[PDB]
Amino acid sequence: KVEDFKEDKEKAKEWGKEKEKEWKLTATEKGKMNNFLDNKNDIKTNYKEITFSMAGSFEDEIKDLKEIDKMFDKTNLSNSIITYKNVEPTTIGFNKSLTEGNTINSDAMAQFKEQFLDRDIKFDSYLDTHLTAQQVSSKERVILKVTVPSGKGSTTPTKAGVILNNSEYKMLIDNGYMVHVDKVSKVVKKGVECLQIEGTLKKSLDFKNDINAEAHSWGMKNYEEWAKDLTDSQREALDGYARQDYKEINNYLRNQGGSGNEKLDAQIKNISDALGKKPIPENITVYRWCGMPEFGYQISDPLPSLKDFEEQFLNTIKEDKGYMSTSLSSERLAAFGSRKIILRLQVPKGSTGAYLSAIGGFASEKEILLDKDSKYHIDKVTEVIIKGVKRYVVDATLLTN
Ligand SMILES: NC(=O)c1ccc[n+]([C@@H]2O[C@H](COP(=O)([O-])OP(=O)(O)OC[C@H]3O[C@@H](n4cnc5c(N)ncnc54)[C@H](O)[C@@H]3O)[C@@H](O)[C@H]2O)c1
């Protein structure tokens, strides 16, 4: 069943007052949740940076995040409901001028619908929405009308709950969900034009900087068996790849037409056959810190303007003839802690790849290796300043064949 209090604040208050009970939270926890919400100590302000930070940094914040994680771990969302939240266009990666006064540009909408309609929107942190439409604030001209599926008698429980913040009951949705845009239209609230995104939640695992070390377990829990059932041919090739062969193999595939080397072709065949035995069991999020050359730039070039970057990659499909290595953790590691482009990749259930870390040995850390000839769709680009330097987080959806 689907609720929607629209603009009835009282009847929503009752509802929020009731689900506020279902969430198994002590007053101590509630306080801790509100601190993050009211951005105590700039934790909400630095959250995004935090998720892409190097280990050791933001210790105390991490300790609060680990406590807040354990809280969504107790969400018993029983009823489906329609939440409302207004946001500035920049917050969801829309970087084109959206309004001109109380009016919607027009080219803006075209551009807007082209970028999001029927697409998934990935957010940086826990989404907090309202139970009733909110007055269009300053520049917060995008109205998000997200339908939150209770998914009670459903397989996976909807990790969402109601909290009482600032004299108001609000919906709090865990990191692991994106908003699939179902419909986009122009609406008018009190003489002011805004864009309204009607969408539904869509689950997608996202370990972020893996603060509770849940990534490796998820990986093993799903690919330990796959690892065991590999042939010694496959086990060995994958071990060669991981150890050092990857440099020679990727180069061959990316630059030498992937032809002309009997030896490699054979190893490549085992690797790919291994990689296909078990499609990714569910929608997951992987990460990858990229070097400028990977996006057509020079090793010593600064990031181009955010505008130029969108003109070049926004809405395009980037390919890779080689094998793409990604990670379940967005954690910044010394090996490449200074890359300026971070890929936030959505791997849909059924993608061709495997959690390589399952083979142990020379294997890498928390690695999801995608099969060669991969292709993904760049959905949106946003900025994040990590320890001083500006980086570009490029959200994309993997195309599954
Ligand atoms: N960088 C990451 O975020 C990350 C994440 C998980 C695992 N790894 C690991 O690091 C090791 C090396 O791989 P890597 O992923 O860091 O790569 P890398 O970026 O260091 O690869 C070096 C080269 O591959 C390139 N490349 C060339 N054509 C490309 C194309 N068409 N598409 C994509 N890249 C292209 C780069 O431009 C560069 O020339 C592996 O052993 C792997 O386990 C890295």
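For the record, in the sequence shown the residue sitting at position 105 is 105 according to the working numbering, with numbers rising by one throughout.
Note that beta-carbon positions come from the ideal geometry of N, C-alpha and C, so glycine has one too.
For the set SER233, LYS387, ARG339 and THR352, the Cα lying nearest the Cα of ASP373 is the one of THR352. Taking C-beta atoms under 8 Å as the contact rule, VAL394 and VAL384 fail to qualify, at a distance of about 11 Å. Contact check for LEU356 against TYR376 fails: the beta carbons are separated by 8 Å or more. In this structure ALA160 is in contact with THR75, their Cβ atoms being roughly 6 Å apart against a cut-off of 8 Å.
According to the DSSP assignment, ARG391 belongs to the beta strand (DSSP E) that extends over 389 to 398. Going by C-alpha positions, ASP210 is about 31 Å away from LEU131. Taking a C-beta distance under 8 Å as the contact criterion, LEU144 and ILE81 do not qualify as a contact pair.
When only Cα atoms are considered, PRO157 and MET171 end up about 15 Å apart. According to DSSP, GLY353 shares a beta bridge with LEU370. Inter-segment contact for the region 197 to 207 and the region 132 to 152 is present: three or more beta-carbon pairs are separated by less than 8 Å. With contacts defined by Cβ atoms closer than 8 Å, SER106 and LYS48 do not form a contacting pair. The Cβ atoms of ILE92 and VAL136 do not sit closer than 8 Å to each other. Per the coordinates, the alpha-carbon of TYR323 lies some 49 Å from the alpha-carbon of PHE5. By the Cβ rule, the region 279 to 289 counts as touching the region 325 to 337, because three or more pairs are nearer than 8 Å.
Relative to ligand 1, the beta carbon of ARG119 is positioned no closer than 7 Å to any heavy atom. With 7 Å as the limit between CB and the heavy atoms of ligand 1, the residues that fall short of it are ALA242, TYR246, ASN250, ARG254, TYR287, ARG288, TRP289, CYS290, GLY291, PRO293, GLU294, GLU319, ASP320, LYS321, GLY322, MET324, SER325, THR326, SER327, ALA335, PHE336, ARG339, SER364 and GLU367. Its Cα nearest to that of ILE386, the residue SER53 stands out among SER53, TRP15, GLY191 and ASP206. In the pairwise beta carbon analysis, the region 58 to 76 is classified as touching the region 22 to 29: at least three pairs are separated by under 8 Å. Under the three-state reduction of DSSP, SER327 is assigned to strand. Sequence-distant partners of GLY240 (beyond 5 residues in either direction) whose C-beta falls short of 8 Å from its own C-beta, in its chain, are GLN267. The Cβ atoms of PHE58 and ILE68 lie no closer than 8 Å to each other. Taking 4 residues as the shortest admissible run, the region 232 to 287 contains the following complete alpha helix (DSSP H) segments, listed from N- to C-terminal end: 232 to 240, 246 to 255 and 262 to 276. Judged by their CB atoms, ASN86 and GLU140 are nearer to each other than the 8 Å cut-off. Straight-line spacing of the CA atoms in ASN102 and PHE36 works out to 33 Å. The alpha carbon of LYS318 has as its nearest neighbour, out of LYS390, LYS152, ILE163 and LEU345, the alpha carbon of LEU345. Excluding the 5 residues flanking it on each side, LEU230 has same chain C-beta neighbours closer than 8 Å at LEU238, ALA274, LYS277 and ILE359, in chain order. One thing to note: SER330 has its Cβ within 8 Å of the Cβ of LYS208. For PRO302 and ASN166, the gap between their C-alpha atoms comes out near 42 Å. Residues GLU198 of the same chain have their beta carbon placed closer than 7 Å to that of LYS183, with the five preceding and five following residues left out of the count.
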